[PDB]
>>> print(open('run.txt').read())   # compact mmCIF, N, CA and C atoms
# COMPACT_ATOMS: atom_id res chain seq x y z
N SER B 1856 104.18 111.13 59.09
CA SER B 1856 104.46 112.55 59.44
C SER B 1856 103.28 113.06 60.30
N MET B 1857 103.32 114.34 60.68
CA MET B 1857 102.34 114.94 61.57
C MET B 1857 100.91 114.73 61.11
N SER B 1858 100.11 114.11 62.00
CA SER B 1858 98.67 113.77 61.76
C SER B 1858 98.48 112.72 60.60
N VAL B 1859 99.52 111.96 60.28
CA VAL B 1859 99.51 110.98 59.16
C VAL B 1859 100.21 109.74 59.65
N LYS B 1860 99.43 108.75 60.08
CA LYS B 1860 99.96 107.49 60.61
C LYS B 1860 99.59 106.26 59.85
N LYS B 1861 100.57 105.36 59.64
CA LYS B 1861 100.26 103.97 59.28
C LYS B 1861 99.27 103.37 60.27
N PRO B 1862 98.45 102.42 59.80
CA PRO B 1862 97.55 101.70 60.72
C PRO B 1862 98.28 101.00 61.91
N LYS B 1863 97.60 101.06 63.08
CA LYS B 1863 98.19 100.67 64.38
C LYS B 1863 98.31 99.12 64.58
N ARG B 1864 99.50 98.56 64.29
CA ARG B 1864 99.89 97.19 64.76
C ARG B 1864 99.64 96.91 66.28
N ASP B 1865 98.99 95.78 66.55
CA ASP B 1865 98.63 95.40 67.95
C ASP B 1865 99.92 94.85 68.59
N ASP B 1866 100.43 95.60 69.56
CA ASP B 1866 101.68 95.24 70.25
C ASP B 1866 101.42 94.82 71.71
N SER B 1867 100.15 94.65 72.07
CA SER B 1867 99.74 94.42 73.48
C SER B 1867 100.14 93.04 74.08
N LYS B 1868 100.39 92.07 73.19
CA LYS B 1868 100.88 90.74 73.50
C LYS B 1868 102.41 90.54 73.35
N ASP B 1869 103.14 91.59 73.08
CA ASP B 1869 104.58 91.45 72.77
C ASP B 1869 105.37 90.99 74.02
N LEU B 1870 105.08 91.62 75.17
CA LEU B 1870 105.69 91.30 76.45
C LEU B 1870 105.59 89.80 76.77
N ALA B 1871 104.39 89.27 76.69
CA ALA B 1871 104.14 87.91 76.94
C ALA B 1871 104.77 86.98 75.94
N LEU B 1872 104.66 87.29 74.67
CA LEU B 1872 105.25 86.44 73.63
C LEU B 1872 106.81 86.40 73.71
N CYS B 1873 107.44 87.56 73.93
CA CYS B 1873 108.93 87.59 74.16
C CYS B 1873 109.35 86.70 75.38
N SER B 1874 108.54 86.76 76.46
CA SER B 1874 108.71 85.93 77.66
C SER B 1874 108.64 84.43 77.35
N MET B 1875 107.71 84.03 76.50
CA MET B 1875 107.59 82.64 76.11
C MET B 1875 108.77 82.18 75.28
N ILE B 1876 109.20 83.00 74.34
CA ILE B 1876 110.37 82.72 73.54
C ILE B 1876 111.62 82.49 74.42
N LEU B 1877 111.81 83.39 75.40
CA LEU B 1877 112.94 83.43 76.28
C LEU B 1877 112.91 82.17 77.13
N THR B 1878 111.71 81.79 77.62
CA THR B 1878 111.50 80.51 78.37
C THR B 1878 111.96 79.31 77.55
N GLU B 1879 111.57 79.28 76.30
CA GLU B 1879 111.97 78.19 75.41
C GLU B 1879 113.49 78.19 75.19
N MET B 1880 114.08 79.38 75.15
CA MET B 1880 115.53 79.46 75.00
C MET B 1880 116.28 79.03 76.27
N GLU B 1881 115.73 79.41 77.42
CA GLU B 1881 116.21 78.99 78.74
C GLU B 1881 116.24 77.49 78.99
N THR B 1882 115.29 76.76 78.42
CA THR B 1882 115.11 75.35 78.66
C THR B 1882 115.70 74.48 77.52
N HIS B 1883 116.22 75.08 76.44
CA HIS B 1883 116.95 74.30 75.41
C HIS B 1883 118.25 73.68 76.01
N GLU B 1884 118.58 72.46 75.59
CA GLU B 1884 119.75 71.78 76.16
C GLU B 1884 121.10 72.42 75.88
N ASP B 1885 121.20 73.16 74.81
CA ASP B 1885 122.38 73.91 74.47
C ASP B 1885 122.38 75.34 75.02
N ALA B 1886 121.50 75.66 75.96
CA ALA B 1886 121.50 76.99 76.59
C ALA B 1886 122.61 77.25 77.63
N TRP B 1887 123.32 76.19 78.05
CA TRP B 1887 124.15 76.22 79.25
C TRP B 1887 125.28 77.26 79.17
N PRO B 1888 125.86 77.51 77.99
CA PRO B 1888 126.87 78.59 77.97
C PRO B 1888 126.33 80.00 78.16
N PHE B 1889 124.98 80.14 78.10
CA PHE B 1889 124.30 81.42 77.97
C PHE B 1889 123.40 81.80 79.14
N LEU B 1890 123.25 80.94 80.13
CA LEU B 1890 122.27 81.14 81.22
C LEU B 1890 122.66 82.25 82.20
N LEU B 1891 123.99 82.39 82.43
CA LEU B 1891 124.50 83.32 83.39
C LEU B 1891 125.57 84.21 82.81
N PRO B 1892 125.77 85.40 83.40
CA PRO B 1892 126.89 86.22 82.92
C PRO B 1892 128.25 85.46 82.94
N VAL B 1893 129.07 85.65 81.90
CA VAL B 1893 130.44 85.11 81.88
C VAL B 1893 131.15 85.73 83.07
N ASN B 1894 131.92 84.91 83.82
CA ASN B 1894 132.61 85.40 85.05
C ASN B 1894 133.90 86.15 84.60
N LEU B 1895 133.88 87.46 84.73
CA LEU B 1895 134.92 88.32 84.20
C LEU B 1895 136.21 88.32 85.00
N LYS B 1896 136.16 87.78 86.22
CA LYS B 1896 137.38 87.56 87.03
C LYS B 1896 138.07 86.28 86.58
N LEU B 1897 137.30 85.29 86.14
CA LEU B 1897 137.83 83.95 85.88
C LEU B 1897 138.01 83.61 84.43
N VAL B 1898 137.66 84.49 83.50
CA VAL B 1898 137.82 84.19 82.07
C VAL B 1898 138.67 85.29 81.49
N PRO B 1899 139.99 85.06 81.51
CA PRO B 1899 140.94 85.99 80.89
C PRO B 1899 140.56 86.41 79.47
N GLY B 1900 140.55 87.70 79.26
CA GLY B 1900 140.30 88.26 77.95
C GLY B 1900 138.90 88.79 77.77
N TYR B 1901 137.93 88.21 78.53
CA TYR B 1901 136.52 88.53 78.28
C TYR B 1901 136.16 89.99 78.48
N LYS B 1902 136.60 90.53 79.61
CA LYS B 1902 136.30 91.91 79.96
C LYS B 1902 136.76 92.93 78.88
N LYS B 1903 137.99 92.76 78.42
CA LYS B 1903 138.60 93.70 77.49
C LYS B 1903 138.05 93.52 76.09
N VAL B 1904 137.85 92.27 75.73
CA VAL B 1904 137.44 92.00 74.37
C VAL B 1904 135.96 92.29 74.14
N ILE B 1905 135.11 91.86 75.08
CA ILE B 1905 133.64 91.87 74.83
C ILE B 1905 133.03 93.12 75.45
N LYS B 1906 132.71 94.09 74.61
CA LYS B 1906 132.38 95.42 75.11
C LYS B 1906 131.02 95.47 75.86
N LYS B 1907 130.10 94.61 75.45
CA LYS B 1907 128.75 94.58 75.93
C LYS B 1907 128.35 93.13 76.22
N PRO B 1908 128.79 92.61 77.36
CA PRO B 1908 128.36 91.30 77.81
C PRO B 1908 126.82 91.24 77.91
N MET B 1909 126.27 90.07 77.56
CA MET B 1909 124.84 89.77 77.64
C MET B 1909 124.63 88.26 77.80
N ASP B 1910 123.57 87.89 78.55
CA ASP B 1910 123.22 86.51 78.80
C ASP B 1910 121.72 86.43 79.07
N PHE B 1911 121.16 85.23 79.10
CA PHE B 1911 119.70 85.06 79.24
C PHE B 1911 119.16 85.57 80.55
N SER B 1912 119.90 85.42 81.68
CA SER B 1912 119.38 85.83 83.01
C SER B 1912 119.24 87.37 83.13
N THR B 1913 120.19 88.09 82.52
CA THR B 1913 120.19 89.50 82.38
C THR B 1913 119.07 89.96 81.44
N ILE B 1914 118.83 89.24 80.34
CA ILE B 1914 117.72 89.57 79.48
C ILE B 1914 116.40 89.35 80.26
N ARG B 1915 116.31 88.24 80.99
CA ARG B 1915 115.12 87.94 81.80
C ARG B 1915 114.81 89.07 82.83
N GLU B 1916 115.83 89.61 83.48
CA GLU B 1916 115.64 90.67 84.43
C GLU B 1916 115.21 92.01 83.78
N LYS B 1917 115.85 92.39 82.66
CA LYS B 1917 115.45 93.55 81.86
C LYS B 1917 113.97 93.42 81.42
N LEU B 1918 113.56 92.24 81.02
CA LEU B 1918 112.20 92.03 80.54
C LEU B 1918 111.14 92.22 81.62
N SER B 1919 111.37 91.58 82.77
CA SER B 1919 110.55 91.61 83.93
C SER B 1919 110.45 92.97 84.62
N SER B 1920 111.37 93.89 84.34
CA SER B 1920 111.42 95.17 84.96
C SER B 1920 111.19 96.33 84.01
N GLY B 1921 110.66 96.06 82.80
CA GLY B 1921 110.26 97.08 81.84
C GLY B 1921 111.39 97.83 81.26
N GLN B 1922 112.49 97.14 81.05
CA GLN B 1922 113.67 97.81 80.47
C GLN B 1922 113.82 97.68 78.94
N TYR B 1923 112.96 96.85 78.31
CA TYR B 1923 112.82 96.85 76.85
C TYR B 1923 111.67 97.77 76.34
N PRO B 1924 112.03 98.82 75.60
CA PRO B 1924 110.98 99.71 75.10
C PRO B 1924 110.08 99.07 74.07
N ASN B 1925 110.58 98.08 73.33
CA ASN B 1925 109.81 97.47 72.29
C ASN B 1925 110.46 96.09 71.93
N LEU B 1926 109.76 95.30 71.11
CA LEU B 1926 110.26 93.94 70.77
C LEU B 1926 111.61 93.96 69.99
N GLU B 1927 111.94 95.02 69.26
CA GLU B 1927 113.20 95.07 68.58
C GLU B 1927 114.38 95.19 69.54
N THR B 1928 114.25 95.98 70.60
CA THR B 1928 115.32 96.11 71.53
C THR B 1928 115.55 94.77 72.21
N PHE B 1929 114.51 94.01 72.47
CA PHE B 1929 114.67 92.69 73.04
C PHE B 1929 115.45 91.75 72.07
N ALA B 1930 115.08 91.75 70.79
CA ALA B 1930 115.79 90.93 69.77
C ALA B 1930 117.27 91.30 69.62
N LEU B 1931 117.59 92.56 69.80
CA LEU B 1931 118.96 93.01 69.76
C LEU B 1931 119.86 92.43 70.91
N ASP B 1932 119.36 92.35 72.13
CA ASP B 1932 120.09 91.73 73.23
C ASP B 1932 120.24 90.22 73.04
N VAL B 1933 119.19 89.51 72.60
CA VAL B 1933 119.31 88.11 72.26
C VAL B 1933 120.40 87.88 71.21
N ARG B 1934 120.38 88.64 70.12
CA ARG B 1934 121.40 88.52 69.08
C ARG B 1934 122.79 88.80 69.62
N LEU B 1935 122.89 89.77 70.54
CA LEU B 1935 124.12 90.17 71.13
C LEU B 1935 124.76 89.00 71.86
N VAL B 1936 123.94 88.17 72.51
CA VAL B 1936 124.44 86.98 73.17
C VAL B 1936 125.20 86.09 72.15
N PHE B 1937 124.65 85.91 70.96
CA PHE B 1937 125.28 85.00 69.97
C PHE B 1937 126.43 85.62 69.22
N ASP B 1938 126.38 86.94 69.01
CA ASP B 1938 127.45 87.70 68.39
C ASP B 1938 128.65 87.72 69.29
N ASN B 1939 128.42 87.91 70.58
CA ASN B 1939 129.53 87.76 71.55
C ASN B 1939 130.15 86.39 71.54
N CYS B 1940 129.31 85.36 71.50
CA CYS B 1940 129.77 83.96 71.45
C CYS B 1940 130.68 83.71 70.24
N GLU B 1941 130.27 84.22 69.08
CA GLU B 1941 131.05 84.10 67.87
C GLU B 1941 132.38 84.83 67.98
N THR B 1942 132.38 86.01 68.59
CA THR B 1942 133.58 86.77 68.76
C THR B 1942 134.67 86.01 69.64
N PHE B 1943 134.26 85.30 70.68
CA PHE B 1943 135.17 84.71 71.65
C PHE B 1943 135.45 83.17 71.47
N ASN B 1944 134.63 82.47 70.71
CA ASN B 1944 134.72 81.01 70.65
C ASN B 1944 134.91 80.49 69.21
N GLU B 1945 135.78 79.49 69.06
CA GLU B 1945 135.97 78.89 67.74
C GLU B 1945 134.64 78.21 67.31
N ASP B 1946 134.28 78.37 66.04
CA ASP B 1946 133.10 77.64 65.46
C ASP B 1946 133.11 76.13 65.82
N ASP B 1947 134.29 75.51 65.79
CA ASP B 1947 134.48 74.08 66.08
C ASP B 1947 134.88 73.92 67.58
N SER B 1948 133.93 74.25 68.44
CA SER B 1948 134.01 74.03 69.89
C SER B 1948 132.60 73.75 70.33
N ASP B 1949 132.45 73.19 71.52
CA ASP B 1949 131.13 72.92 72.03
C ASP B 1949 130.33 74.24 72.16
N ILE B 1950 130.95 75.28 72.70
CA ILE B 1950 130.28 76.54 72.95
C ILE B 1950 129.97 77.25 71.62
N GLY B 1951 130.90 77.16 70.68
CA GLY B 1951 130.75 77.72 69.33
C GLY B 1951 129.55 77.15 68.59
N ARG B 1952 129.39 75.83 68.68
CA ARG B 1952 128.29 75.12 68.09
C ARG B 1952 126.98 75.46 68.79
N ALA B 1953 127.02 75.46 70.12
CA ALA B 1953 125.86 75.84 70.94
C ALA B 1953 125.31 77.20 70.49
N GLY B 1954 126.21 78.12 70.23
CA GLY B 1954 125.84 79.44 69.79
C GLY B 1954 125.09 79.46 68.47
N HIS B 1955 125.66 78.79 67.48
CA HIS B 1955 125.04 78.67 66.16
C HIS B 1955 123.68 78.01 66.24
N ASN B 1956 123.55 76.94 67.05
CA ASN B 1956 122.30 76.22 67.20
C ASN B 1956 121.22 77.11 67.84
N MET B 1957 121.58 77.79 68.96
CA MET B 1957 120.65 78.65 69.70
C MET B 1957 120.18 79.82 68.84
N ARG B 1958 121.06 80.41 68.06
CA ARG B 1958 120.70 81.50 67.18
C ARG B 1958 119.66 81.07 66.10
N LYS B 1959 119.91 79.91 65.46
CA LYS B 1959 118.97 79.29 64.55
C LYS B 1959 117.61 79.05 65.19
N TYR B 1960 117.63 78.46 66.37
CA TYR B 1960 116.44 78.24 67.15
C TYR B 1960 115.68 79.54 67.43
N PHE B 1961 116.40 80.58 67.82
CA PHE B 1961 115.79 81.88 68.18
C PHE B 1961 115.13 82.50 66.96
N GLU B 1962 115.86 82.51 65.84
CA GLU B 1962 115.42 83.24 64.67
C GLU B 1962 114.15 82.64 64.06
N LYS B 1963 113.98 81.33 64.20
CA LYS B 1963 112.81 80.68 63.76
C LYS B 1963 111.62 81.05 64.66
N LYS B 1964 111.74 80.95 65.98
CA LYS B 1964 110.64 81.33 66.87
C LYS B 1964 110.26 82.79 66.64
N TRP B 1965 111.24 83.63 66.35
CA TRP B 1965 111.03 85.04 66.12
C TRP B 1965 110.15 85.28 64.86
N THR B 1966 110.55 84.70 63.74
CA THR B 1966 109.80 84.78 62.49
C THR B 1966 108.41 84.18 62.62
N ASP B 1967 108.28 82.99 63.20
CA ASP B 1967 106.98 82.34 63.32
C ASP B 1967 106.03 83.10 64.20
N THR B 1968 106.55 83.80 65.22
CA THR B 1968 105.71 84.49 66.22
C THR B 1968 105.26 85.88 65.77
N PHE B 1969 106.08 86.58 65.00
CA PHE B 1969 105.93 88.01 64.73
C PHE B 1969 105.87 88.41 63.22
N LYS B 1970 106.46 87.63 62.31
CA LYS B 1970 106.40 87.88 60.83
C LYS B 1970 105.42 86.93 60.11
>>> encode(input="run.txt", output="structure tokens")
Amino acid sequence: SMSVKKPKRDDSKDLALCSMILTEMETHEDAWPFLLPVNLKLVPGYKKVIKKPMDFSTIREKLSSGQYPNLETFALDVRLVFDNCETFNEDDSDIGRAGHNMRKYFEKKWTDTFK
């Protein structure tokens, strides 16, 4: 409350650490369904069904241009990529599996880096 603050967590390395995580996600072999925006002209159903499309290249651009106010907003877009994947793809598909694997990978780097 007013004039009463918890001690100040050092957030000065967050930008760089999120960038490193994203790099590791970009270079994982199962990243291929997630590198670029889904083509909304060529994938029937995507536009109508998926309200908030997200992919790694779009996250990379938001990061580089100061569009994430804090590390939580960045984690929300990453998660959104996998939540979208789950919404549109059967668990027992190459893309469905890729999604589950990438999410597991992300959540571990996230915990090890920040918790």
>>> residues_around(input="run.txt", residues="residue 1925 in chain B", least_positions_apart="2", cutoff="9 Å", atoms="only C-alpha atoms", output="ChimeraX atom specification")
/B:1866,1869-1870,1923,1927-1929
>>> atom_distance(input="run.txt", atom1="CA of residue 1936 in chain B", atom2="CA of residue 1909 in chain B")
5.3 Å
>>> atom_distance(input="run.txt", atom1="CA of residue 1915 in chain B", atom2="CA of residue 1900 in chain B")
25.5 Å
>>> atom_distance(input="run.txt", atom1="atom N of residue 1920 in chain B", atom2="atom C of residue 1893 in chain B")
21.4 Å
>>> select_by_dssp(input="run.txt", residues="chain B", states="alpha helix (DSSP H)", output="PyMOL selection string")
chain B and resi 1869-1882+1901-1904+1911-1919+1926-1943+1949-1969
>>> residues_around(input="run.txt", residues="range 1930-1932 of chain B", least_positions_apart="2", cutoff="12 Å", atoms="only C-alpha atoms", output="PyMOL selection string")
chain B and resi 1869+1873-1874+1876-1877+1907-1915+1917-1918+1922-1928+1934-1939+1958+1961-1962+1964-1966+1969
>>> closest_residue(input="run.txt", among="B:1904, B:1968, B:1916, B:1955", to="residue 1891 in chain B", atoms="only C-alpha atoms")
B:1916
